[PDB]
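Residue numbers (the working numbering), protein chains in the order written: chain A, 1 to 155; chain B, 1 to 431. Data first, discussion second: the structure below is written as structure tokens.
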Ligand SMILES: Nc1nc2c(ncn2[C@@H]2O[C@H](COP(=O)(O)OP(=O)(O)O)[C@@H](O)[C@H]2O)c(=O)[nH]1
């Protein structure tokens, strides 16, 4: 198989196996055993130009998995500013639903990464989108203990 | 019960251990080199609680310093009172963890642990009445959390009748760079609830908040916090470095503080608040001292006690003032806020007073608070954690180092029963 090597190539963070594997006709969006594309893994563990040369080689800027996560779910959660800015530059989803009901703004809010909220909201995040436990995005900040996250959710 | 053997590991832990030994080596009167340069003998009645004696007026801090990063030790040698450390007690690894718990617990810490156990051994072979063990570390990183918990487990299974005290600090996405921290945190808690006796909680979030709002330091450095923690350390160790009936040894200390074996997570707090090297001209009085050190604006953990109820409290006042004033303000806060105390534990707040004040102050006050509100600190982590373990990110780090993966959800069930335990004893009236 030639999608496995690309999957663990964008996950381990490399420039060579993301330059001449899609060259051999490798599935640019090849998944694994539950549904992670090499863009989830290039956006997730903290790698930049792999998401700029992958998202210009046919990467779906809105791909899901077994529980419902997108590359913006797995970039607003960990905390990589430039990967959320670029992932939104191609037209990602700021109001995606997964099996536990969370949206990427709930995940960037839970993990206390605040500028990801500063740009996820300015690009149209829904403050009235609730989850499996019936709490909005403005209902995460008042239960967290973080005032700086409740200041951007009421502005 | 007299001798206390102290240990520091991890970046944060070694740092705060240094700040501790600074302020207390000045308060006890030891010079940088290691000779008694004090004035009052009040600083030597219980000096043996933290120093061995090398004959010739040499006060060797009964301490041990560890790290898997070979660097770290440099920050020790530049520590102005750092030459006083015993040569043999320097045990420094050379691999480094890089914010990884299983690397410190099942991998390389598993290699250096038996090297530390022997120096601890020859430290206990020269103690008259060895009290217990007192540790300093951090929870979000790699070395401290993991190797710390393993060390505590082995000491526990070699010394079961000695008190287990830990001064642990908290991760938060306000100071932590990486985000592998809501994993190492829950692991560390999983081991702490089951292996330790006492545990003091310091939240990085609180120290950032205090450095920004109060001290007006918009750009908080990483020593600005070590100041704030070392102060609290002197405040809560006063009961063990100076004479007095209240909180004599550590056993007594936990006795009036630990109502249930698992619930042992304190929320320290100090008044007044100062920056580094800035003394107090209008030094604080008494009603503002106790009116502050029971408010939330001076607490050391991001936990509003006004939401919960206090199980036990141990207040400590330092300096020269009026005794009646002290006890009176104590009971005043108690009964004007008897709605914040479990009325089914009475006489729950114990207050002592010590003569020698801390450095830069003439009157100070320390706080130690086993509250039911501390669960808010553990409902936050189990939120940063359940949002990252339901996704399984970075699990090849730990699981790919001999770790079980279910030793995670074990910790989630453990901490999520702990939260229900602090919520349990919040609304139980004396029926
Ligand atoms: N207040 C304070 N926090 C620290 C210090 N060093 C590290 N930390 C915190 O501890 C966490 C882990 O960092 P580090 O100490 O390098 O990891 P460890 O040594 O492997 O436990 C980070 O999230 C930091 O916020 C320090 O000197 N002071």
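For every residue, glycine included, the Cβ atom is placed at its ideal position computed from N, Cα and C.
Is residue 11/B near ligand 1, going by C-beta to nearest heavy atom under 7 Å? Counting from 1 along the second chain, the entry for residue 11/B is found at position 11. For residue 11/B, the distance from the CB to the nearest heavy atom of ligand 1 is below 7 Å.
Under 8 Å from the C-beta of residue 376/B: neighbouring residues of chain A: Along the second chain, one-based indexing puts residue 376/B at 376. Going along chain A in sequence order, the residues near residue 376/B (Cβ under 8 Å) are 145.
Tell me whether residue 384/B is buried or exposed, calling it buried when 16 or more other Cβ atoms sit within 10 Å of its Cβ. To locate residue 384/B, count along the second chain from 1; it is residue 384. Under this definition residue 384/B is a buried residue.
Excluding the 5 residues flanking residue 43/B on each side, which residues of the same chain have their C-beta closer than 6 Å to its C-beta? The residue you call residue 43/B lines up with position 43 of the second chain. Answer for residue 43/B: 28 and 29, listed in chain order.
Determine, using beta carbons only, whether residue 306/B comes closer than 8 Å to chain A. Taking the first residue of the second chain as 1, we reach residue 306/B at position 306. Taking Cβ atoms only, chain A never reaches closer than 8 Å to residue 306/B, which makes this a no.
Checking contacts by CB at 8 Å: is residue 87/B closer than that to chain A? For the purposes of this step, residue 87/B is taken as residue 87 along the second chain, with counting starting at 1. It does not: the Cβ of residue 87/B has no partner Cβ on chain A nearer than 8 Å.
Quick one: residues in its chain with C-beta nearer than 6 Å to the C-beta of residue 165/A, no 5 flanking neighbours on either side, listed in chain order? In the structure as shown, chain A begins at 1 and stops at 155. Residue 165/A is therefore absent and cannot be evaluated.
Neighbour list for residue 175/B in chain A, Cβ cutoff strictly below 7 Å: For the purposes of this step, residue 175/B is identified with residue 175 of the second chain, where counting begins at 1. Against chain A, a Cβ distance below 7 Å from residue 175/B picks out nothing, because the smallest value is about 10 Å.
Within 9 Å of chain B by C-beta, residues of the region 63-80 of chain A in sequence order: From the region 63-80 of chain A, only 67, 69, 73, 74, 77, 78 and 79 have a Cβ closer than 9 Å to chain B.
Within chain B, partners of residue 107/A - CB distance below 8 Å: Numbered from 1 along the first chain, position 107 holds the residue referred to as residue 107/A. In chain order: 387.
Please state if the CB of residue 25/B and the CB of residue 81/B are separated by a distance shorter than 8 Å. The residue labelled residue 81/B in the question sits at position 81 within the second chain. The residue labelled residue 25/B in the question sits at position 25 within the second chain. Cβ distance < 8 Å, so residue 81/B and residue 25/B count as in contact.
Determine the closest residue to residue 274/B out of 213/B, 205/B, 389/B and 106/B, with distance taken between C-alpha atoms. In the second chain, counting from the first residue as 1, residue 274/B sits at position 274. Ranking 213/B, 205/B, 389/B and 106/B by Cα distance to residue 274/B puts 213/B first.
Between the alpha carbons of residue 53/A and residue 269/B, how many angstroms are there, rounded? Sequence index remark: in the first chain, residue 53/A carries index 53 (1-based). Sequence index remark: in the second chain, residue 269/B carries index 269 (1-based). So the alpha carbons of these two residues sit roughly 51 Å apart.
If you draw a straight line from the C-alpha of residue 141/B to the C-alpha of residue 328/B, how long is it? Taking the second chain and counting its residues from 1, the one referred to as residue 141/B is at position 141. Taking the second chain and counting its residues from 1, the one referred to as residue 328/B is at position 328. Taking the straight line joining both Cα atoms gives about 43 Å.
Do we get a CB-CB distance below 8 Å when we pair residue 110/A with the residues of chain B? Position 110 of the first chain, counting from 1, holds the residue named residue 110/A. Output row for residue 110/A: interface = yes.
Answer yes or no: the CB of residue 286/B versus the heavy atoms of ligand 1, is any distance below 7 Å? Along the second chain, one-based indexing puts residue 286/B at 286. Incorrect: residue 286/B has no Cβ contact closer than 7 Å to ligand 1.
How about residue 37/A: is its C-beta nearer than 8 Å to some C-beta of chain B? On the first chain, position 37 is the one that residue 37/A refers to. For residue 37/A, the answer is no, since every Cβ of chain B falls outside 8 Å of its Cβ.
Could you pull out every residue in the same chain whose Cβ sits closer than 6 Å to the Cβ of residue 305/B, ignoring the five residues on either side in sequence? Numbered from 1 along the second chain, position 305 holds the residue referred to as residue 305/B. Leaving aside the five residues that flank residue 305/B on each side, the residues in its chain whose CB is nearer than 6 Å to its CB run, in chain order, 371 and 373.
Within chain A, partners of residue 384/B - CB distance below 9 Å: Translated into positions along the second chain, residue 384/B becomes position 384. Result: 110, 111 and 112.
Are there any heavy atoms of ligand 1 lying less than 7 Å away from the beta-carbon of residue 15/B, as far as the coordinates show? Translated into the one-based positions of the second chain, residue 15/B becomes position 15. Residue 15/B: yes, Cβ under 7 Å from ligand 1.
Flag this pair as yes or no: are the beta carbons of residue 186/B and residue 135/B separated by less than 8 Å? Residue numbering aside, residue 186/B sits at position 186 when the second chain is read from its first letter. Residue numbering aside, residue 135/B sits at position 135 when the second chain is read from its first letter. Not closer than 8 Å, so no.
Taking 8 Å as the threshold (beta carbon to beta carbon), is residue 179/B in contact with chain A? Counted from its first residue, the second chain places residue 179/B at position 179. Yes, because at least one Cβ of chain A sits closer than 8 Å to the Cβ of residue 179/B.
At a cut of 8 Å, does the region 351-370 of chain B reach the region 144-152 of chain B through at least three beta carbon pairs? no
Can you say whether residue 122/B is buried or exposed, counting buried as having 16 or more other CB atoms within 10 angstroms of its CB? In the second chain, the residue the question calls residue 122/B occupies position 122. The residue is exposed, with fewer than 16 neighbouring Cβ atoms inside 10 Å.
Could you give the first and the last residue of the continuous beta strand (DSSP E) run that contains residue 142/A? The residue you call residue 142/A lines up with position 142 of the first chain. In this chain, residue 142/A is not harboured by any beta strand (DSSP E); it is covered by the alpha helix (DSSP H) spanning 138-144.
Counting only Cβ pairs nearer than 7 Å, list the residues of chain A close to residue 172/B. Your numbering for residue 172/B matches position 172 in the second chain. Correct list: 112.
Local Cβ density within 10 Å of residue 193/B, reported as buried at 16 or more and exposed below that: On the second chain, position 193 is the one that residue 193/B refers to. Residue 193/B comes out buried.
Candidates 170/B, 255/B and 240/B, of which the one nearest residue 225/B by Cα: Your numbering for residue 225/B matches position 225 in the second chain. Of 170/B, 255/B and 240/B, the residue nearest in Cα terms is 170/B.
Between the C-alpha atoms of residue 112/A and residue 183/B, what's the straight-line distance to the nearest angstrom? Within the first chain, numbered from 1, the residue matching residue 112/A stands at position 112. Within the second chain, numbered from 1, the residue matching residue 183/B stands at position 183. Between residue 112/A and residue 183/B, the C-alpha separation is close to 15 Å.
Assigned secondary structure, residue 226/B (DSSP; H/G/I helix, E/B strand, else coil): In the second chain, counting from the first residue as 1, residue 226/B sits at position 226. It is helical.
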